[PDB]
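See below for the structure under consideration.
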Amino acid sequence: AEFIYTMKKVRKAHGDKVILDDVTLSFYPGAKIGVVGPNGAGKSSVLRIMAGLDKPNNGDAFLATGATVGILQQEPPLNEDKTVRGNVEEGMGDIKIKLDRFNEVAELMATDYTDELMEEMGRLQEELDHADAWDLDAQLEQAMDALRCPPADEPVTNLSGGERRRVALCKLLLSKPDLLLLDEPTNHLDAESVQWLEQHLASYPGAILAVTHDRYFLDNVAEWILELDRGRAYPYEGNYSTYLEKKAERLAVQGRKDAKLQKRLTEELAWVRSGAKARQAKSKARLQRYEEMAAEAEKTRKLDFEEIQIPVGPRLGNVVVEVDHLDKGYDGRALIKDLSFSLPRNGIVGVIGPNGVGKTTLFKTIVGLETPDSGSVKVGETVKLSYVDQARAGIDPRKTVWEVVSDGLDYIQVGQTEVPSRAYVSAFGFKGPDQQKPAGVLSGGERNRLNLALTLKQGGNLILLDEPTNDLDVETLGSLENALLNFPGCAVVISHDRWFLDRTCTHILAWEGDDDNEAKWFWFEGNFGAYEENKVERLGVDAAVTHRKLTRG
Amino acid sequence: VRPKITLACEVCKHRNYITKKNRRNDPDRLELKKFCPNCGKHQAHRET
Amino acid sequence: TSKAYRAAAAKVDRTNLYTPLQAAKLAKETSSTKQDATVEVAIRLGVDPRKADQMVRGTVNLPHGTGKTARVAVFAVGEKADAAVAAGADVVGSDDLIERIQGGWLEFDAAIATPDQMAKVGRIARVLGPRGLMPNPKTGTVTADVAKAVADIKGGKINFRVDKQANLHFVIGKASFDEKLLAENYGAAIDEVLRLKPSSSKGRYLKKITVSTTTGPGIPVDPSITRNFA
RNA sequence: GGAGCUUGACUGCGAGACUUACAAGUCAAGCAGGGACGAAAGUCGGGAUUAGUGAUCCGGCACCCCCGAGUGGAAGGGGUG
RNA sequence: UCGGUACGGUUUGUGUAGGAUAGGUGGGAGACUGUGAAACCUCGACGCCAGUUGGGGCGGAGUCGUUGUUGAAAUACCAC
Ligand SMILES: Nc1ncnc2c1ncn2[C@@H]1O[C@H](COP(=O)(O)OP(=O)(O)O)[C@@H](O)[C@H]1O
Ligand SMILES: Nc1ncnc2c1ncn2[C@@H]1O[C@H](COP(=O)(O)OP(=O)(O)O)[C@@H](O)[C@H]1O
Ligand code: VO4
Ligand code: VO4
Ligand SMILES: [Mg+2]
Ligand SMILES: [Mg+2]
Ligand SMILES: [Mg+2]
Ligand SMILES: [Mg+2]
Ligand SMILES: [Mg+2]
Ligand SMILES: [Mg+2]
Ligand SMILES: [Mg+2]
Ligand SMILES: [Mg+2]
Ligand SMILES: [Mg+2]
Ligand SMILES: [Mg+2]
Ligand SMILES: [Mg+2]
Ligand SMILES: [Mg+2]
Ligand SMILES: [Mg+2]
Ligand SMILES: [Zn+2]
């Protein structure tokens, strides 16, 4: 019955937006809990209490004694040192300074007083046998071969979005905290780093929480679903096909219960406007029940959703983007080598490949922010280009969600038309006084919605989608992919979501590099389902591993 | 919309002052230099 | 099974807890049926070794010895090196021994060093890390006058140290001894473990104890009676 | 109306008044602490002024360590915000 | 009958050279009388990190230790 973490009557709320209210659940070790919910439900605000980063307003929430807590943030920060120095600040952070003193006491004690420093190295050399911390040179070299990290001698400022997330998982899987707190772990990770992390979290001592929107990762790392509706928490078991059943059932029995209440208001509002007859009295005990039914009928008024809407652009010519013998790299490592394709008119093109392989560099030669090595990029006279970005570089944190889209202006240009700016952002779900939240307090699911408001107001007929399916839930992932099928221009998508390129694609440009070339790509004419059948007929029939343990324990 | 925040000191953590801010214009915790009577001098004060 | 392990299993009852003398009585009637043996005692404590202040570590001197080789590697240079070989150290450490231990020759049993030449200890603990043959100040192996603990490690100062699963492991000598000689090492061990008992030990501190041979089964002993080991 | 630096939207007080059945309400020179701006003189105890609020009781939390039902503690009570 | 706790048997763990990688610790130079290369049995526990850890049929003819190294660490067997 020994526990890890307990909540007692926790109520955290950002005013009108409640996150918890009178909740109580207990977490026992060995539990594999996957937490779900819509965007903005409050999932990262729970984990910022469970990691001790925030405090609940009126409640009690405490970790048990021992068994410390390590959190993966939704946007994991790093330091300005190397990769091998990026994995020692946590996982080895409390224990490398006990080795930074032992190699100091080997020489500083030999010339000083050798009587009191005898125990000063005594209580530290006995801290190097219970943990076996002598192999700190070669424990890091095992934990980088597991995650397939970048080489550990170069800086970390110029890395991929999915290479920064690999070096941030190594900072937590070496600590081994007994309460993991993973906030959206499968962002930016390819189909290999997710399949690896499924096996590593399978045989793992301790409690695991993971707020994962995707349908297939939670069926492997979780067996006990936690849910966040508007305030409450609903623990049960199942494998995420039963979460969409129960949220559909909790709104069909709440929706028609709130319709019986509406008919009883019309039957009662007709009574309070009917006038008192001869010397009878209109009873005060029915006026005071009307004004309680009329108050409990306005508090249920939170039922709305906004669709993703892309503005249409001008007429697109016969030449969209032409690429003839492109070569691109940064060092002796070459990324793109001898690539020839041409983007079609009126289609959806998908770019497929593992992490750190050259997909964002392929867009940044097209948008004119890079320079090719050999070969040219050719656009054409008709194309207005629109470019969403993976890094979300356009949005700044200390400026509100309104006056990043606008600039203090009332009316904006969304391509040869003038819609009002607050009418434009309220078409992206940011409605009412949610338009004055800065970008530091917005959730990750609505910075993937704010970035679409900054860059789709260019109104171009060529949109470049650099991982749009990042932090979005199932309701607005389907609202995005229904806005690309009805788009008249050409859309290019980089994504790792296998069940998102299968649904909306017409053309595939996929990396197919092997050991002797390492830099070739492939243009395919067809959807994603026909590409995977051709991939297993050209190269490696039925061939297109064992889990690297990351540690010796 | 304008709750009552309280300003705790940064040295002694005494809760010397109480005032109001706007939650949506100022989502972060306010920092002011206020006089602390325990320390006898001006310290810094975040909220709680 | 081996059709001779069940011979000693037919002579020792499983459920009956025994005295500290009946364990040493059945130490002779189980081990000595086979060849020579060292008597093993495994103790499961009532601590949690995850915390820092419940790390039970200590040493004890045994009166009747333990009967082993005790290849003690005393590390000292100059005229201090001759004091070890006069005291009974077969191999005395120097600088030339460092270049052959790193070559792959680690045939020694302890490490009693001097505080002036501890610079070479951190370089020689490269391969002595997981072996656990570090010089320990708490066991007297790190001291100025190294002319005392040379015959003491020969005399039976076996180090006991709690593991990750809270299980002490300690030897009380060979199996060729007598009943009055084995049970006194058993009595001196537990009476010095209780001095190392931390003040934050929840529950019963000494939960279950056993005595075993090198081949035969284990003897369940009674943790309750600890006064009359003679 | 605009710009620079800032937190006095202070802690300990208050001679003397207004208004007033009472409960309340309101103004305040000046003295000390530790500060802001100013070259200084000086000004600053929120906002040009008058609305933006609720007596007592019972409780809650923070701190001060005043009482502690034989004694040492504690439970409870008390003060100050 | 379905569970809880206490007690005991059998069994489980395999990034990278390797005896598919004793899981940890401690003891240890022996342990059985040896063919998953066996006759009735013969992985139809798991079977995937595949072949060693069973269908315990029998045989005193027939495996394995320590050494070699090939490693953070080894090799049997055994209490823990
Ligand atoms: N510091 C804050 N101040 C005000 N509102 C916030 C703050 N943090 C979050 N919110 C609001 O509360 C919601 C909770 O965010 P949350 O759902 O925890 O993020 P995630 O979707 O990653 O779990 C957000 O939609 C945001 O609008
Ligand atoms: N400015 C730069 N200088 C050097 N190398 C870079 C730079 N930017 C990116 N790279 C390298 O290019 C490789 C491929 O990145 P890429 O795959 O384009 O990112 P993404 O995964 O976002 O598409 C990465 O491994 C990264 O190390
Ligand atoms: O590292 V990436 O998921 O942008 O290919
Ligand atoms: O945890 V999110 O709902 O911002 O993807
Ligand atoms: Mg999140
Ligand atoms: Mg990318
Ligand atoms: Mg402001
Ligand atoms: Mg005020
Ligand atoms: Mg007065
Ligand atoms: Mg002054
Ligand atoms: Mg000045
Ligand atoms: Mg004044
Ligand atoms: Mg006013
Ligand atoms: Mg009353
Ligand atoms: Mg009393
Ligand atoms: Mg009290
Ligand atoms: Mg006062
Ligand atoms: Zn203070």
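Order of the sequence lines sets the chain letters (A, B, ...), proteins ahead of strands, with each chain counted from 1. FYI, side chains are in, hydrogens and waters are out, and symmetry mates aren't considered; it's all heavy atoms of this structure.
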Is there a donor-acceptor pair closer than 3.5 Å between any side-chain N or O of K457(A) and the backbone N or O of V405(A)?
yes
Got a salt bridge between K43(A) and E227(A), using NZ or NE/NH1/NH2 to carboxylate O under 4.0 Å?
no
is_close_aromatic(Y216(A), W499(A)), centroid dist under 6.0 Å
yes
Looking at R548(A) and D145(A), would you say the former's side chain and the latter's main chain have a donor-acceptor pair under 3.5 Å?
yes
Please tell me whether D183(A) and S44(A) have a donor and an acceptor in their side chains that are separated by less than 3.5 angstrom.
yes
Would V541(A) and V536(A) count as a side-chain contact (heavy atoms from CB on, under 4.5 Å) here? Give the steps.
CA-CA 5 Å; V541(A) 288; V536(A) 300; 5.9 Å; no
For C490(A) and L462(A) the tightest heavy-atom approach is O-CD1, 3.4 Å
Rounded to the nearest 0.5 Å, how far does CG of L147(A) lie from CG of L189(A)?
9.0 Å
Hey, could you give me the CG/CZ distance between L539(A) and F522(A), rounded to the nearest 0.5 Å?
8.0 Å
Is a side-chain donor or acceptor of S421(A) paired with a backbone partner of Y411(A) at a separation under 3.5 angstrom?
no
So, for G350(A) and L501(A), which heavy atoms are closest and what is the spacing to 0.1 Å?
CA-CD1, 4.1 Å
Any chance you could measure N448(A), atom CG, to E446(A), atom CD, to the nearest 0.5 Å?
10.5 Å
Over 12 foreign heavy atoms within 6.0 Å of CZ, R398(A):
no
Heavy-atom neighbours of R215(A) CZ exceed 12 at 6.0 Å:
yes
Set out, in order, the CA-CA distance, both residues' side-chain angles and the distance that settles side-chain contact (heavy atoms from CB on, under 4.5 Å) for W521(A) and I336(A), then state yes or no.
CA-CA 7 Å; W521(A) 297 80; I336(A) 303 167; 3.5 Å; yes
Any side-chain heavy-atom pair from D497(A) and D502(A) closer than 4.5 angstrom?
no
Residues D466(A), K359(A): salt bridge by 4.0 Å N-O rule
no
Within the supplied structure, the quantity of interest is the number of heavy atoms (other residues, nucleotides, ligands) at a distance under 6.0 Å from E245(A) CD; does it exceed 12?
no
Any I208(A) side-chain heavy atom under 4.5 Å of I33(A) side chain:
no
I'd like to know whether CG of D542(A) has more than 12 heavy-atom contacts from other residues, nucleotides or ligands below 6.0 angstrom.
no
Under the side-chain contact (heavy atoms from CB on, under 4.5 Å) rule, what do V379(A) and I366(A) come out as? Steps first, then yes or no, please.
CA-CA 8 Å; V379(A) 178; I366(A) 295 171; 5.5 Å; no
Could you tell me if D471(A) and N39(A) have a donor-acceptor pair between their side chains, going purely by distance under 3.5 Å?
no
My understanding is that only residues two or more places apart in sequence, or in another chain, count here; which of them pass salt bridge (charged side-chain N to carboxylate O under 4.0 Å, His left out) with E184(A)?
none
So, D373(A) side chain and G329(A) main chain: donor-acceptor pair closer than 3.5 Å or not?
yes
Backbone of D338(A) reached by a side-chain donor or acceptor of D327(A) within 3.5 Å:
yes
Between atom CD1 of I494(A) and atom CG of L362(A), what is the distance when rounded to the nearest 0.5 Å?
7.0 Å
For residues 304-316 of chain A, which side-chain donor-acceptor pairs fall under 3.5 Å, sequence neighbours excluded?
from, atom 1, to, atom 2, distance (Å)
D304(A), OD2, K431(A), NZ, 2.5
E307(A), OE1, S479(A), OG, 2.8

Side chain to side chain contact (heavy atoms under 4.5 Å, CB included) against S386(A), all qualifying residues, sequence neighbours excluded:
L456(A), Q458(A), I463(A)
With a 4.0 Å cut-off on N to O distance, would you call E512(A) and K520(A) a salt bridge?
no
Minimum side-chain heavy-atom gap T361(A)-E370(A) below 4.5 Å:
no
Short side-chain donor-acceptor distance under 3.5 Å, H188(A) and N470(A)
yes
Taking all non-hydrogen atoms of both residues, which atom of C170(A) and which atom of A143(A) are closest, and how far apart?
SG-CB, 3.7 Å
Under 3.5 Å, side chain of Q435(A) to main-chain N/O of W402(A), donor-acceptor pair present?
no
Crowding at NZ, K247(A) (>12 non-hydrogen neighbours, <6.0 Å)
no
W523(A) meets the side-chain hydrogen bond (donor to acceptor under 3.5 Å, both in side chains) criterion, sequence neighbours left out, with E525(A)
Please answer whether the main-chain N or O of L409(A) pairs with a side-chain N or O of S406(A) as donor and acceptor at a distance below 3.5 Å.
yes
Within the side chain of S175(A), is there an N or O that forms a donor-acceptor pair under 3.5 Å with the backbone of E90(A)?
no
Closest approach of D396(A) to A439(A) (non-hydrogen atoms, all atoms of both residues):
O-CB, 3.3 Å
Counting only N and O atoms by type, is there a donor-acceptor contact under 3.5 Å from the side chain of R447(A) to the main-chain atoms of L442(A)?
yes
Would you find a donor on one side and an acceptor on the other, under 3.5 Å apart, between the side chain of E163(A) and the backbone of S160(A)?
yes
Does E75(A) form a salt bridge (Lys or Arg N to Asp or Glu O under 4.0 Å) with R392(A)? I'd like the steps, not just the answer.
CA-CA 11 Å; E75(A) 295 293 326; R392(A) 278 88 66 195; 2.8 Å; yes
If you look at every heavy atom in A491(A) and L484(A), which pair is closest and at what distance?
CB-CD2, 4.3 Å
Nearest heavy-atom approach of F428(A) to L452(A) is CZ-O, 3.9 Å
Without hydrogens or angle criteria, can the side chains of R148(A) and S193(A) be said to hold a donor-acceptor pair below 3.5 Å?
no
Distance (rounded to the nearest 0.5 Å) between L209(A) CG and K32(A) NZ:
11.5 Å
Taking side-chain hydrogen bond (donor to acceptor under 3.5 Å, both in side chains) as the definition, give me every residue that meets it alongside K17(A), ordered by chain and number, with sequence neighbours left out.
none
Between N451(A) and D389(A), is any side-chain donor less than 3.5 angstrom from a side-chain acceptor?
yes
Side chains of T504(A) and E481(A): is there a donor and an acceptor less than 3.5 Å apart?
no
When you check the gap from the basic side-chain N to the acidic O, do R85(A) and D153(A) get nearer than 4.0 Å?
no
Test item: side-chain donor near acceptor, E89(A) and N79(A), under 3.5 Å
yes
Between the CG atom in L464(A) and the CZ atom in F363(A), the distance rounded to the nearest 0.5 Å is 5.0 Å
Does some side-chain heavy atom of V351(A) sit less than 4.5 Å from a side-chain heavy atom of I508(A)?
no
In chain order, what residues pass the side-chain hydrogen bond (donor to acceptor under 3.5 Å, both in side chains) check against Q436(A), with sequence neighbours excluded?
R422(A)
Give the ring-plane orientation class for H200(A) versus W196(A), where under 30° counts as parallel, over 60° as perpendicular and anything between as tilted.
parallel
Side-chain heavy atoms of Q142(A) within contact of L550(A), under 4.5 Å
no
